[PDB]
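[1] next input, structure requested:
(one chain, ligands or ions: 2)
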Amino acid sequence: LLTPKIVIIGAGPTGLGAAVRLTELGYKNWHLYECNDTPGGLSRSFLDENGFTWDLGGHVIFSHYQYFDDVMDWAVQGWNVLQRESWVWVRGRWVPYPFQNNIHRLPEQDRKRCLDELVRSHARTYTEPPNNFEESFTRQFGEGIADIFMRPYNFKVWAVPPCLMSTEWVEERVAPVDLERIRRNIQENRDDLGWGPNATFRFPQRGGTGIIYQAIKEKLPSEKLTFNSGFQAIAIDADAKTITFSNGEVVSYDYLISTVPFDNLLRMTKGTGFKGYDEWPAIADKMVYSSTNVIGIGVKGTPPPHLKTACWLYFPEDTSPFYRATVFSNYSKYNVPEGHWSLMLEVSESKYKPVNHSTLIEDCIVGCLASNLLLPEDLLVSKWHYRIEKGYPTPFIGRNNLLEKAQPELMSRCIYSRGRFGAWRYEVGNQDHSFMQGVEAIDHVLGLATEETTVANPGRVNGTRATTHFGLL
Ligand SMILES: Cc1cc2nc3c(=O)[nH]c(=O)nc-3n(C[C@H](O)[C@H](O)[C@H](O)COP(=O)(O)OP(=O)(O)OC[C@H]3O[C@@H](n4cnc5c(N)ncnc54)[C@H](O)[C@@H]3O)c2cc1C
Ligand SMILES: O=c1ccn([C@@H]2O[C@H](COP(=O)(O)OP(=O)(O)O)[C@@H](O)[C@H]2O)c(=O)[nH]1
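    Numbering: from 1, shown residues only. Ligands and ions are numbered 1, 2, ... in the order given. Coordinates below:
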């Protein structure tokens, strides 16, 4: 009776993060609402008619937090730990990831060009920092690496011209180069391997990453969770402190942990005394994102020799519509029926880059044949396609300024908008980040913590590993 009623909207990792922290604390006065039947949001998994396990782009787990690792161990027994083997298909070669560090694997002419332009851009200095991502990577890597990889690959994944993107999200995503190391790589044909936070990752033996959140759902108190299409939140009244759902039910909260898209939130949230309130519709309109198409191809037999131990593959060239392919069957044999393997292809989509959905599956197959993934004789089963409206929250120029206009106003009225699209911060938009934003929001609501470091300070969380444990393990 004395504790605040905490309501969580969304059973993705962020929402489930909040629910797990509350459960760990033995907190009783909360409830979680989800409009889908399945927990896990963008990290959910599917099982098809033919025994193929699929998900939304071949998710792998790589945690920045001891807490989240403990939760993984608690929720799921039976993990595979893999060494990342990732490649770029470009100029007819398999270039080890990251592209920019491994230009010695390009054909001679392209390698020379890449090296020469890197030397050239090193020779050019500038009074002001780059104003955008394209200016940044062009100055940093030179015109060779920009033209061959950065420019075409980035438009291909983001579906937004990179000159419209900010430059501060890149810390753990875009690897730097060192001219001396590259020259030596070229003399020795020495691959530069191991860079990045996912150089090692873990993957559940059965059920994909989505089994994590299905297991978590099972471990939480059933009467505190609602999974039902009628419980899609469609209006928030911040004065009354109520949520109205599509089925017409109205419920109260003292605190709201919202994980719905930030633009959706702004559009459906009413109240008085919000500073800047009448700007909210224009703010919502300015939030840039790409949609994501996932295509699953089930294949009879076993992968060809070059893909035997591959994880994921990058495709900058226009001979394929997908920016990435994942050999999902290499993450776990239980992902496919006996005697098969599988590819998962991702194709980005936006107003800048429209997609013809009626030909999408066939176009991907043509892409696979032209990109060394499939052969004409391959026998395909379980062709599958799924489209996600909000796939990547683009780190567009001005993003922070926009978030700063409204987020503090929402928080002052006990509304915490968190998660991949809840907070719209790509650089802390993976599963561990999201889950932890949920955990940290709960700590902040309950006064157990002064700050929410993940959502507020991406530099700090991605530079250190958080040490603190999860009690239930
Ligand atoms: C192609 C792709 C590949 C990815 N790969 C990786 C990876 O390899 N590793 C990794 O760690 N992360 C990966 N991610 C990121 C991962 O998907 C997210 O970090 C995570 O799913 C975000 O969780 P979230 O709960 O903040 O949002 P979501 O996961 O989208 O969860 C939000 C939930 O809210 C619900 N909801 C929305 N609106 C309402 C409403 N109005 N009413 C009621 N419920 C609502 C939704 O149904 C959903 O279930 C990938 C993402 C994509 C798109
Ligand atoms: O060889 C590479 C591959 C990717 N990237 C950059 O790293 C970013 C993140 O890509 P990744 O596959 O790591 O993240 P994801 O798309 O899965 O979120 C991309 O946008 C690229 O700009 C890069 O610099 N070199």
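[2] please enumerate the strands of the stretch 351-473 of the chain.
    With DSSP state E, counting those that start in this stretch as the criterion, the stretch 351-473 of the chain has strands at 380-393, 415-417.
[3] who wins for proximity to residue 8 among the ones you listed?
    Residue 8 sits nearest to strand 415-417 of all the strands of the stretch 351-473 of the chain, at 9.5 Å, using C-beta to C-beta. To be clear about C-beta, it is placed using only N, CA and C from the backbone, and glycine gets the same treatment.
[4] mind putting the strands of the stretch 351-473 of the chain into JSON lines with mean neighbour count and distance to ligand 1?
    Written out in JSON lines, the entries for these read as follows (neighbours: other C-beta atoms under 10 Å; distance: least, C-beta to the nearest ligand atom, whole Å):
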{"stretch": "strand 380-393", "mean neighbour count": "17", "distance to ligand 1": "4"}
{"stretch": "strand 415-417", "mean neighbour count": "26", "distance to ligand 1": "10"}
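[5] is it possible to export the ones you listed to TSV including distance to residue 369?
    What follows is the strands of the stretch 351-473 of the chain, written out as TSV (distance: least, C-beta to C-beta, whole Å):
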stretch	distance to residue 369
strand 380-393	11
strand 415-417	44
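[6] give the contact list for the residue nearest to residue 332 when sequence neighbours are not counted.
    The spatial neighbour of residue 332 that comes closest, neighbours along the chain excluded (C-beta to C-beta, 6 or more residues apart in numbering), is residue 205 at 5.2 Å. By C-beta atoms under 8 Å, 6 or more residues apart in numbering, the residues touching residue 205 are 78, 79, 80, 332, 334.
[7] show the buried residues in those residues.
    332, 334 (16 or more other C-beta atoms under 10 Å).
[8] just the contacts of residue 205: which are in strands?
    Among the contacts of residue 205, the members falling in strands (DSSP state E) are 79, 80.
[9] between which two of the contacts of residue 205 is the distance greatest?
    Pairwise distances across the contacts of residue 205 (C-beta to C-beta) peak at 12.4 Å, for the pair 79 and 334.
[10] so is stretch 55-70 next to ligand 2?
    No: judged by C-beta under 6 Å from any ligand atom, stretch 55-70 makes no contact with ligand 2; its nearest approach is 7.7 Å.
[11] quick one: distance of that stretch to the chain centre.
    Per C-alpha atoms, centre = their mean, to the nearest Å, the displacement of stretch 55-70 from the mean C-alpha position of its chain is 11 Å.
[12] how about the CA coordinates for that stretch, as CSV?
    Coordinates of each C-alpha in stretch 55-70 appear next as CSV, following Å, rounded to 0.1, in the frame of the first residue of the first chain:
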residue,chain,number,x,y,z
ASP,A,55,15.2,-14.9,-35.3
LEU,A,56,15.4,-11.2,-36.4
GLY,A,57,18.9,-11.1,-37.9
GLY,A,58,21.0,-13.7,-36.1
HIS,A,59,21.5,-12.2,-32.6
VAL,A,60,24.5,-13.0,-30.6
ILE,A,61,25.1,-12.2,-26.9
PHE,A,62,28.1,-10.2,-25.8
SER,A,63,27.7,-8.5,-22.5
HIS,A,64,29.3,-5.4,-21.0
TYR,A,65,27.9,-6.3,-17.6
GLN,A,66,28.5,-9.0,-15.0
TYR,A,67,24.9,-8.5,-14.0
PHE,A,68,23.5,-9.5,-17.4
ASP,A,69,25.9,-12.4,-17.7
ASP,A,70,24.6,-13.7,-14.4
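[13] what sits against residue 303?
    Contact criterion C-beta under 8 Å, 6+ apart gives 310, 327, 329, 330, 341 as the residues in contact with residue 303.
[14] now, the residues you listed that are in strands?
    If you go by DSSP E, the contacts of residue 303 have residue 341 in strands.
[15] any chance of the contacts of residue 303 in a markdown table, plus distance to ligand 2 and neighbour count?
    Listed next are the contacts of residue 303 as a markdown table, based on distance: C-beta to the nearest ligand atom, whole Å; neighbours: other C-beta atoms under 10 Å:
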| residue | distance to ligand 2 | neighbour count |
| --- | --- | --- |
| 310 | 14 | 19 |
| 327 | 15 | 23 |
| 329 | 19 | 22 |
| 330 | 17 | 23 |
| 341 | 21 | 23 |
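[16] what separation do you get for residue 417 and ligand 2?
    Residue 417 sits at a distance of 21 Å from ligand 2 (criterion: C-beta to the nearest ligand atom, to the nearest Å).
[17] for that residue, which residues make a bridge with it?
    When assigned by DSSP bridges, residue 417 has beta-bridge partners residue 258.
[18] and if you look at residue 385?
    Residue 385 has these beta-bridge partners by DSSP bridges: residue 295.
[19] roughly how far apart are it and ligand 2?
    When distances are taken as C-beta to the nearest ligand atom, residue 385 and ligand 2 turn out to be 19 Å apart.
[20] from residue 356, how far off is that residue?
    Taking C-beta to C-beta, to the nearest Å as the measure, residue 385 and residue 356 are separated by 12 Å.
[21] again with residue 373
    For residue 373, the distance to residue 356 (C-beta to C-beta) stands at 20 Å.
[22] repeat for residue 199
    In this structure, residue 199 lies at 36 Å from residue 356, with C-beta to C-beta as the measure.
[23] these two: who's more crowded?
    Taking neighbours as other C-beta atoms under 10 Å, residue 199 and residue 356 compare with residue 199 leading, 13 against 9.
[24] how about the residues of the stretch 351-473 of the chain by ligand 1?
    Applying C-beta under 6 Å from any ligand atom, one finds that the stretch 351-473 of the chain approaches ligand 1 through 388, 391, 419, 420, 422, 429, 430, 431, 432, 434.
[25] find the pair from these with maximum spatial separation.
    Using C-beta to C-beta for every pair in those, the one that comes out farthest apart is 388 and 432, at 19.8 Å.
[26] enumerate the residues of the protein near ligand 2.
    Selection of the chain residues close to ligand 2 by C-beta under 6 Å from any ligand atom yields 88, 97, 98, 99, 100, 154, 157, 173, 174, 175, 314.
[27] can you add secondary structure and give these back as a markdown table?
    What follows is the residues of the chain next to ligand 2, written out as a markdown table (DSSP: H, G, I helix; E, B strand; the rest coil):
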| residue | secondary structure |
| --- | --- |
| 88 | strand |
| 97 | coil |
| 98 | coil |
| 99 | helix |
| 100 | helix |
| 154 | helix |
| 157 | helix |
| 173 | coil |
| 174 | coil |
| 175 | coil |
| 314 | strand |
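[28] for ligand 1, tell me which of these show up nearby.
    Checking these against ligand 1 (C-beta under 6 Å from any ligand atom), there are no matches.
[29] which among these end up buried?
    The buried subset of the residues of the chain next to ligand 2 - by 16+ other C-beta under 10 Å - is 88, 97, 98, 99, 100, 154, 157, 174, 314.
[30] and those as a markdown table, adding distance to residue 214?
    Putting these into a markdown table (distance: C-beta to C-beta, whole Å) gives the following:
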| residue | distance to residue 214 |
| --- | --- |
| 88 | 34 |
| 97 | 31 |
| 98 | 34 |
| 99 | 36 |
| 100 | 38 |
| 154 | 34 |
| 157 | 28 |
| 174 | 34 |
| 314 | 30 |
